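Student: Got a structure for you, questions after.
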Amino acid sequence: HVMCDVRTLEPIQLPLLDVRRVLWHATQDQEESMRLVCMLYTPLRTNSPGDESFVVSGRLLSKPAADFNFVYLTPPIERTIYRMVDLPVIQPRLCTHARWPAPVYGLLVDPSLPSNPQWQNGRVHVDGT
Amino acid sequence: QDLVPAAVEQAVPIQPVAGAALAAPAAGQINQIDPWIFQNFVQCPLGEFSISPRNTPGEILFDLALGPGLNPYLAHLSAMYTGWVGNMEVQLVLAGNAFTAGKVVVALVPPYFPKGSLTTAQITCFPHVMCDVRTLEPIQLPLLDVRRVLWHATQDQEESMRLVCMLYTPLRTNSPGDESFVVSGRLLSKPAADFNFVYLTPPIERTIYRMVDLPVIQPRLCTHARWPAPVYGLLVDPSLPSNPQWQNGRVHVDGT
Amino acid sequence: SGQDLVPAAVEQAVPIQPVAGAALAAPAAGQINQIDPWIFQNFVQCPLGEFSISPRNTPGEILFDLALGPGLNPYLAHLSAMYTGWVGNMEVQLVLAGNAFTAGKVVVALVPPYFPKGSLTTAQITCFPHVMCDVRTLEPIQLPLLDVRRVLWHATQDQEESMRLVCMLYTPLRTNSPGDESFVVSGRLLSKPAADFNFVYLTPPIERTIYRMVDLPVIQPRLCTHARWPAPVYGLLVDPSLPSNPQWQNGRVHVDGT
Amino acid sequence: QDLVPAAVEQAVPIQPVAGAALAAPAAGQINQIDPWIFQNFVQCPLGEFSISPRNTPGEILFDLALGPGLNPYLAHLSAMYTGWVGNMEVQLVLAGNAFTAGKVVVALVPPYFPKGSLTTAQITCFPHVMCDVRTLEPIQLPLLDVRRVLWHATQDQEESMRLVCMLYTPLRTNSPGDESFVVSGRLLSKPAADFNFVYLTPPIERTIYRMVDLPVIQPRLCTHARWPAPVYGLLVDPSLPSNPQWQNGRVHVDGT
Amino acid sequence: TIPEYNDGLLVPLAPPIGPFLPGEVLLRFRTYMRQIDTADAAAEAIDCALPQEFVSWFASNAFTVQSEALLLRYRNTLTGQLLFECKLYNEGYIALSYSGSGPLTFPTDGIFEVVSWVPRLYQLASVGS
């Protein structure tokens with residue numbers, strides 16, 4: 001581990017080695033590889049004016065090392081498993097409702113209704129189930 | 001000439017497998033263990049079996065698996081590490097009279113052998129050690145580390161070199177013989193010369209491979225599992241139907 | 001990265017000689033016992049290695065007090081079920097990395113064996129070999145924890161008189177911060193074995209020992225039952241508008257089993 | 001290749017401890033003993049035990065302690081000296097038939113081990129020697145001198161390396177078998193190569209370690225301990241209550 | 001016996017306790033309930049395979065299995081007289097090898113101590129009544 005303070009200037013480079021049991025991983029298989037886990041070690045001690053409350057943001061940038069290699073050229077397949085979920089380019093006025101066979105006539109919010117309904121139509125997982 | 005010898009010993013031959021020579025450039029660390037764990041035969045956690053005279057030939061008396069779960073020292077150290085690679089060395093003792101005629105055979109079944117059912121003709125095609133139940137000194141075996149992967153993680157679903165032991169000839173008594181004689185047997189094991197672990201983690205349990213400890217509760221200070229009342233009796237009546245189909249109070253020993 | 005802190009608070013000299021570790025107890029143990037050479041590489045956190053200095057603490061409050069042993073490492077506290085015996089010293093760090101507005105000093109002494117415990121006032125904690133350090137130090141303060149002994153090793157049963165390490169709060173904690181917050185500096189305590197730590201004699205690993213810190217059952221409180229009435233639990237809550245120090249008799253156990 | 005051997009002997013490995021090399025600059029003298037005491041196995045004063053078939057596995061058959069009280073020559077010389085340092089070498093014989101199935105295991109428990117109760121799984125984690133009761137030749141062990149102090153005084157409250165022996169597998173008979181069979185056993189011991197005493201005193205007794213001698217008095221020429229009358233009878237009636245709570249005539253064997 | 005879970009239909013439920021080796025009987029625990037009665041004074045008993053504090057300590061620690069059965073040892077903690085040794089199978093019932101004909105009771109003041117994992121074909125020492 002590296003115990004980096006929260007007021008450092010220059011970014012904290014660290015390696016992420018490929019510890020593995022097999023000779024090479026397969027790109028179409030989510031197999032177990034070495035993780036990075038970042039834990040808040042000692043809490044933040046700051047002031048804050050009255051709003052906002054001074055969050056400390058942190059990002060994680062990466063690049064391959066000198067010995068990243070792919071293995072065997074195949075034809076490119078579309079499904080994958082590395083694809084951002086692309087939504088259909090369709091305005092909600094031209095849609096169709098889920099429960100009752102009618103078009104959609106407006107999207108909104110309302111707190112006063114039952115906040116956690118138990119509808120049995122229009123329920124679909126993002127993974128396709 | 002050339003004398004042959006009929007009595008020639010024993011001692012199954014091996015070809016040495018690589019331990020930390022293959023898995024060195026792919027593991028992050030290679031952690032040596034105490035050099036006095038290699039010196040002592042200590043008892044396996046699965047180290048009990050019994051040979052009754054009501055066992056038919058072909059019955060499998062135990063089936064181990066090469067791991068760090070064959071040693072109480074290596075099942076304690078394996079909390080700290082994430083993987084192991086190397087060879088063990090089993091040894092079994094047998095408490096038999098000079099009235100017991102029989103023979104067991106301890107084979108080294110490789111990984112990915114089709115786990116159906118072996119016979120007596122097929123158990124002796126593996127690298128085996130033949131041993132009778134009348135013997136005095138303990139006999140030992142190498143339990144090598146034939147593997148496809150570079151090292152084994154300590155989550156035992158990956159196959160490793162098992163150790164099956166069958167009953168070759170039937171355990172019959174020259175005396176009239178009570179059926180309650182059973183020949184006890186124990187299994188002791190130690191690492192061979194090329195054992196090491198892989199990557200230091202914090203010790204956690206849970207696991208696997210921690211031994212099942214029972215709560216130190218006398219059953220008078222307990223609670224029944226089908227009524228809000230403490231337990232009172234402890235009986236065994238054979239006149240009751242021996243297959244009750246209760247629903248409350250049932251559990252596995254793995255929490256499910 | 002401000003340098004208005006005290007980065008010149010390095011591991012200071014302490015008036016002590018080097019102490020031989022496993023070179024003495026090598027011909028009086030019955031076997032050769034080495035531990036993994038990657039235990040000596042990284043500073044991991046002590047099990048009793050978390051303390052905090054609020055500004056409601058007077059001078060003379062003992063922050064931590066931990067004897068030398070295998071209980072200063074999660075690795076060696078796990079390996080010491082397999083062994084009966086240890087020798088050699090440790091190396092302890094200290095993460096006191098408080099804010100740039102706090103002010104105060106701590107003093108970490110080296111109390112010898114057979115020193116009577118109990119009081120240990122702040123006047124006499126400077127008479128030991130000590131390290132004084134601010135509560136704004138950037139780098140981790142390192143210090144050695146020697147093994148002064150009259151016997152050739154210590155058994156792994158915690159009644160051994162061994163060298164302690166007391167940390168008194170020397171001057172009180174205060175902040176020159178322009179408004180309404182008084183910061184609580186939260187320190188940690190990291191440690192690793194020194195170059196000649198060694199265990200002595202192999203033994204059956206028994207779990208029911210010492211060190212072997214407390215574990216809890218993984219069950220939700222909505223499943224557990226109640227210890228003053230035969231019923232389930234229906235939600236925990238704090239309330240400062242109740243009897244604050246009650247005198248109940250049911251469901252009151254110690255954490256040593258009694 | 002490489003042949004392995006299944007039958008490989010035995011013989012627990014040791015690392016040699018220091019005897020008079022550590023304790024030399026702190027003892028006033030270092031006194032050698034007769035070089036023919038190192039040659040002969042003589043019987044220990046605690047050298048009797050018996051294995052009945054009514055003993056359960058896990059029962060401890062003896063528990064010695066490394067001292068000069070394991071030898072009649074070294075319990076006689078230890079009156080003259082005030083301290084000892086060194087290693088012994090035990091050996092146990094077993095008078096068993098070829099009808100007795102069982103096994104005992106003799107472990108070397110170190111000092112300051114928590115003296116609760118060991119199990120069968122934990123006794124075999126020490127440096128042990130496995131031996132059955134059917135064997136003929138005596139088996140021997142090193143009993144080393146693991147110690148915190150430089151030498152041991154001959155007042156035995158200081159802990160030393162004990163020698164526990166458990167019953168591993170139960171002593172069951174292939175025959176029908178009388179319960180009055182008991183397998184006798186004796187313990188013989190001698191110094192190993194690095195024994196010496198420390199400081200010459202006058203021989204005194206008292207001690208410890210003198211053997212309990214009884215007065216040569218026939219019980220007809222004695223006196224009862226609850227009446228001013230000589231003793232007349234000598235009986236054993238099992239019909240009487242077996243736990244009398246008398247007050248006169250009670251004594252320890254240590255004088256209290 | 002099994003009550004009605006459905007009003008008149010079948011339902012999936014836990015399989016029956018078994019199988020045992022030849023010569024093994026089921027070790028039962030025993031408590032006495034509150035039965036409204038007319039003239040019978042015999043205390044109605046209800047038996048479980050494992051009591052409570054044995055359904056906690058499982059799934060609060062979720063152990064492995066590593067074999068097929070556990071070799072328990074009910075040693076009476078007073079003076080250490082071994083009462084019986086029993087097999088606990090992985091399906092959560094204790095089987096004690098008994099060869100008699102009537103109900104043999106046991107003292108309820110001993111501690112179950114584990115010994116080892118055994119295979120399924122292990123043979124126990126019998127009990128005497």
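Residues in the structure tokens are numbered from 1 in each chain, the chains being A, B, ... in the order shown, and ligands are numbered from 1 in the order shown.
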Give me the residues within 10 Å of residue 213 (chain B) as number ranges by chain, counting only C-alpha atoms and dropping any in the same chain fewer than 3 places off.
Tutor: B: 210, 216; C: 207; E: 57, 61, 63, 112-115
Student: Give the strand (DSSP E or B) residues of region 30-216 of chain B, as assigned by DSSP on the backbone, as a count of residues only.
Tutor: 73
Student: Using only C-alpha atoms, determine which residues lie at most 10 Å from residue 53 (chain E), disregarding the query and same-chain residues fewer than 5 positions distant; provide the list as a VMD selection string.
Tutor: (chain B and resid 214 to 217 219 221 to 225) or (chain E and resid 58)
Student: For the interface of chain B with chain C (cut-off 10 Å, counting only C-alpha atoms), please tabulate each contacting residue of chain B alongside its nearest pair of atoms and their separation in Å to one decimal, rows sorted by chain and increasing number, as CSV.
Tutor:
```
residue,atom,partner,partner_atom,distance
B:29,CA,C:38,CA,8.3
B:30,CA,C:38,CA,9.0
B:31,CA,C:36,CA,6.1
B:32,CA,C:36,CA,5.7
B:33,CA,C:36,CA,6.2
B:34,CA,C:34,CA,5.5
B:35,CA,C:33,CA,6.5
B:36,CA,C:32,CA,6.5
B:37,CA,C:202,CA,8.4
B:42,CA,C:204,CA,9.3
B:72,CA,C:205,CA,7.2
B:73,CA,C:205,CA,6.9
B:75,CA,C:205,CA,9.6
B:76,CA,C:205,CA,7.1
B:77,CA,C:79,CA,7.6
B:79,CA,C:78,CA,9.1
B:80,CA,C:75,CA,7.7
B:199,CA,C:38,CA,9.5
B:200,CA,C:38,CA,8.0
B:201,CA,C:75,CA,9.3
B:202,CA,C:74,CA,7.3
B:203,CA,C:78,CA,7.3
B:210,CA,C:207,CA,9.8
B:211,CA,C:207,CA,9.7
B:213,CA,C:207,CA,9.6
B:228,CA,C:230,CA,9.2
```
Student: May I have the residues from that selection written out with N, CA and C atoms, as a PDB file, in the first residue's frame?
Tutor:
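Output saved as result-v2.pdb:
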```pdb
ATOM      1  N   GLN B  29       4.708 -12.072  -4.812  1.00  0.00           N
ATOM      2  CA  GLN B  29       5.669 -12.476  -3.809  1.00  0.00           C
ATOM      3  C   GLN B  29       5.782 -13.990  -3.843  1.00  0.00           C
ATOM      4  N   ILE B  30       6.843 -14.514  -3.250  1.00  0.00           N
ATOM      5  CA  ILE B  30       6.961 -15.936  -2.954  1.00  0.00           C
ATOM      6  C   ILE B  30       7.450 -16.021  -1.522  1.00  0.00           C
ATOM      7  N   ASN B  31       6.599 -16.497  -0.631  1.00  0.00           N
ATOM      8  CA  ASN B  31       6.845 -16.419   0.795  1.00  0.00           C
ATOM      9  C   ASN B  31       7.291 -17.769   1.322  1.00  0.00           C
ATOM     10  N   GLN B  32       8.501 -17.831   1.856  1.00  0.00           N
ATOM     11  CA  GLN B  32       8.950 -19.057   2.485  1.00  0.00           C
ATOM     12  C   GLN B  32       8.241 -19.254   3.816  1.00  0.00           C
ATOM     13  N   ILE B  33       8.212 -20.497   4.272  1.00  0.00           N
ATOM     14  CA  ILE B  33       7.592 -20.796   5.554  1.00  0.00           C
ATOM     15  C   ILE B  33       8.686 -21.220   6.517  1.00  0.00           C
ATOM     16  N   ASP B  34       8.303 -21.526   7.749  1.00  0.00           N
ATOM     17  CA  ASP B  34       9.243 -21.949   8.775  1.00  0.00           C
ATOM     18  C   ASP B  34       9.932 -23.238   8.350  1.00  0.00           C
ATOM     19  N   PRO B  35      11.258 -23.319   8.419  1.00  0.00           N
ATOM     20  CA  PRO B  35      11.952 -24.540   8.011  1.00  0.00           C
ATOM     21  C   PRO B  35      11.839 -25.700   8.983  1.00  0.00           C
ATOM     22  N   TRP B  36      11.039 -25.589  10.035  1.00  0.00           N
ATOM     23  CA  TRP B  36      10.768 -26.703  10.916  1.00  0.00           C
ATOM     24  C   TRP B  36       9.359 -27.230  10.762  1.00  0.00           C
ATOM     25  N   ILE B  37       8.585 -26.686   9.830  1.00  0.00           N
ATOM     26  CA  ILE B  37       7.332 -27.312   9.445  1.00  0.00           C
ATOM     27  C   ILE B  37       7.598 -28.475   8.506  1.00  0.00           C
ATOM     28  N   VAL B  42       2.406 -34.040  11.289  1.00  0.00           N
ATOM     29  CA  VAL B  42       1.300 -33.711  12.170  1.00  0.00           C
ATOM     30  C   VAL B  42       0.012 -34.156  11.511  1.00  0.00           C
ATOM     31  N   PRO B  72      -2.402 -28.802  10.161  1.00  0.00           N
ATOM     32  CA  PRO B  72      -2.890 -27.747  11.046  1.00  0.00           C
ATOM     33  C   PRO B  72      -1.988 -26.535  11.081  1.00  0.00           C
ATOM     34  N   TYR B  73      -0.711 -26.680  10.750  1.00  0.00           N
ATOM     35  CA  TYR B  73       0.165 -25.524  10.641  1.00  0.00           C
ATOM     36  C   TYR B  73      -0.080 -24.772   9.354  1.00  0.00           C
ATOM     37  N   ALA B  75      -2.941 -24.852   7.627  1.00  0.00           N
ATOM     38  CA  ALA B  75      -4.272 -24.280   7.584  1.00  0.00           C
ATOM     39  C   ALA B  75      -4.389 -23.067   8.475  1.00  0.00           C
ATOM     40  N   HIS B  76      -3.389 -22.818   9.302  1.00  0.00           N
ATOM     41  CA  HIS B  76      -3.327 -21.618  10.109  1.00  0.00           C
ATOM     42  C   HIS B  76      -2.585 -20.522   9.379  1.00  0.00           C
ATOM     43  N   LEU B  77      -1.490 -20.867   8.713  1.00  0.00           N
ATOM     44  CA  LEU B  77      -0.770 -19.905   7.900  1.00  0.00           C
ATOM     45  C   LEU B  77      -1.536 -19.496   6.663  1.00  0.00           C
ATOM     46  N   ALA B  79      -4.424 -18.422   6.274  1.00  0.00           N
ATOM     47  CA  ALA B  79      -5.262 -17.243   6.387  1.00  0.00           C
ATOM     48  C   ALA B  79      -4.528 -16.020   5.875  1.00  0.00           C
ATOM     49  N   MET B  80      -3.226 -15.935   6.136  1.00  0.00           N
ATOM     50  CA  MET B  80      -2.463 -14.757   5.763  1.00  0.00           C
ATOM     51  C   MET B  80      -2.164 -14.685   4.282  1.00  0.00           C
ATOM     52  N   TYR B 199       1.024 -14.704  -1.562  1.00  0.00           N
ATOM     53  CA  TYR B 199       0.874 -13.257  -1.449  1.00  0.00           C
ATOM     54  C   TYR B 199       0.262 -12.899  -0.111  1.00  0.00           C
ATOM     55  N   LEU B 200       0.959 -12.078   0.664  1.00  0.00           N
ATOM     56  CA  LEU B 200       0.552 -11.740   2.023  1.00  0.00           C
ATOM     57  C   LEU B 200      -0.695 -10.868   2.038  1.00  0.00           C
ATOM     58  N   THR B 201      -1.739 -11.342   2.701  1.00  0.00           N
ATOM     59  CA  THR B 201      -2.987 -10.628   2.930  1.00  0.00           C
ATOM     60  C   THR B 201      -3.121 -10.450   4.438  1.00  0.00           C
ATOM     61  N   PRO B 202      -4.127  -9.753   4.956  1.00  0.00           N
ATOM     62  CA  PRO B 202      -4.392  -9.822   6.380  1.00  0.00           C
ATOM     63  C   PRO B 202      -5.080 -11.120   6.749  1.00  0.00           C
ATOM     64  N   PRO B 203      -4.882 -11.610   7.971  1.00  0.00           N
ATOM     65  CA  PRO B 203      -5.609 -12.803   8.422  1.00  0.00           C
ATOM     66  C   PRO B 203      -7.062 -12.474   8.737  1.00  0.00           C
ATOM     67  N   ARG B 210     -10.730 -22.994   8.538  1.00  0.00           N
ATOM     68  CA  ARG B 210     -10.711 -22.961   9.984  1.00  0.00           C
ATOM     69  C   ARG B 210     -11.494 -24.156  10.497  1.00  0.00           C
ATOM     70  N   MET B 211     -11.069 -24.680  11.637  1.00  0.00           N
ATOM     71  CA  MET B 211     -11.718 -25.863  12.163  1.00  0.00           C
ATOM     72  C   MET B 211     -13.027 -25.482  12.832  1.00  0.00           C
ATOM     73  N   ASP B 213     -15.412 -25.141  15.518  1.00  0.00           N
ATOM     74  CA  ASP B 213     -15.442 -25.133  16.968  1.00  0.00           C
ATOM     75  C   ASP B 213     -16.888 -25.076  17.426  1.00  0.00           C
ATOM     76  N   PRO B 228     -40.431 -22.403  22.384  1.00  0.00           N
ATOM     77  CA  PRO B 228     -39.710 -21.470  23.276  1.00  0.00           C
ATOM     78  C   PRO B 228     -39.524 -22.014  24.690  1.00  0.00           C
TER      79      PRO B 228
END
```
Student: With distances taken over only C-alpha atoms, which residue among C:13, C:220, C:238, C:97 lies nearest chain E?
Tutor: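 Comparing C:13, C:220, C:238, C:97 against chain E, the winner is C:220.
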Student: Name the closest residue to residue 4 (chain D) among the candidates B:150, B:144, B:234, B:85; distances are taken between atoms, counting only C-alpha atoms.
Tutor: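 Among B:150, B:144, B:234, B:85, it is B:144 that comes nearest to residue 4 (chain D).
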Student: Write out as a PDB file with C-alpha atoms, in the first residue's frame each polymer residue whose atoms come within 12 Å of residue 48 (chain A), counting only C-alpha atoms; drop sequence neighbours fewer than 2 positions from it.
Tutor:
```
ATOM      1  CA  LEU A  44     -10.878  15.178   7.033  1.00  0.00           C
ATOM      2  CA  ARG A  45     -10.218  18.091   9.397  1.00  0.00           C
ATOM      3  CA  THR A  46     -11.164  21.368   7.721  1.00  0.00           C
ATOM      4  CA  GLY A  50     -21.421  28.115   5.586  1.00  0.00           C
ATOM      5  CA  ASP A  51     -22.015  26.353   2.265  1.00  0.00           C
ATOM      6  CA  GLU A  52     -20.725  24.308   0.582  1.00  0.00           C
ATOM      7  CA  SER A  53     -19.127  21.807   2.921  1.00  0.00           C
ATOM      8  CA  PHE A  54     -15.710  21.371   1.240  1.00  0.00           C
ATOM      9  CA  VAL A  55     -15.608  17.950  -0.333  1.00  0.00           C
ATOM     10  CA  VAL A  56     -12.171  16.799  -1.463  1.00  0.00           C
TER      11      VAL A  56
ATOM     12  CA  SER C 177      -8.346  28.675  13.965  1.00  0.00           C
ATOM     13  CA  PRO C 178     -10.488  31.718  13.139  1.00  0.00           C
ATOM     14  CA  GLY C 179     -13.798  30.217  14.143  1.00  0.00           C
ATOM     15  CA  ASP C 180     -16.044  27.625  15.788  1.00  0.00           C
ATOM     16  CA  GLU C 181     -14.049  24.445  15.161  1.00  0.00           C
TER      17      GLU C 181
END
```
Student: Would you list which chain C residues are within 8 Å of chain A using only C-alpha atoms, as a ChimeraX atom specification?
Tutor: /C:1-2,99,181,183-184,186-187
Student: Contacts of residue 124 (chain E) at 9 Å or less, counting only C-alpha atoms, minus same-chain residues fewer than 2 places along, as a list in words?
Tutor: residues 50, 180 and 182 of chain B; 24, 85, 86, 87, 96, 97, 122 and 126 of chain E
Student: Produce a file of the selected residues containing N, CA and C atoms, as a short mmCIF file (atom, residue, chain, number, x, y, z; two decimals), in the first residue's frame.
Tutor:
```
data_model
loop_
_atom_site.label_atom_id
_atom_site.label_comp_id
_atom_site.auth_asym_id
_atom_site.auth_seq_id
_atom_site.Cartn_x
_atom_site.Cartn_y
_atom_site.Cartn_z
N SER B 50 -11.96 -45.80 9.39
CA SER B 50 -12.09 -47.07 10.06
C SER B 50 -12.45 -48.13 9.04
N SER B 180 -17.70 -55.61 15.74
CA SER B 180 -17.30 -54.34 16.32
C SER B 180 -15.80 -54.30 16.62
N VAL B 182 -13.47 -52.49 14.66
CA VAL B 182 -12.94 -51.75 13.53
C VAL B 182 -11.49 -51.27 13.62
N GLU E 24 -26.94 -47.28 13.08
CA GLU E 24 -26.87 -45.92 13.60
C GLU E 24 -28.28 -45.39 13.79
N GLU E 85 -19.30 -40.87 21.63
CA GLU E 85 -18.83 -40.16 20.46
C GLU E 85 -19.86 -40.32 19.36
N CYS E 86 -20.17 -39.23 18.68
CA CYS E 86 -21.27 -39.22 17.74
C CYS E 86 -20.86 -38.50 16.47
N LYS E 87 -21.49 -38.89 15.36
CA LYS E 87 -21.26 -38.27 14.07
C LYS E 87 -22.32 -37.21 13.83
N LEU E 96 -25.81 -41.35 16.44
CA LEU E 96 -25.06 -42.06 17.46
C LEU E 96 -25.28 -43.55 17.27
N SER E 97 -24.19 -44.31 17.21
CA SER E 97 -24.26 -45.74 16.92
C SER E 97 -24.72 -46.49 18.16
N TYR E 122 -17.58 -44.06 8.27
CA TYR E 122 -16.92 -44.27 9.55
C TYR E 122 -17.81 -45.08 10.48
N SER E 126 -20.09 -48.52 20.06
CA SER E 126 -21.49 -48.57 20.44
C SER E 126 -21.68 -48.04 21.86
#
```
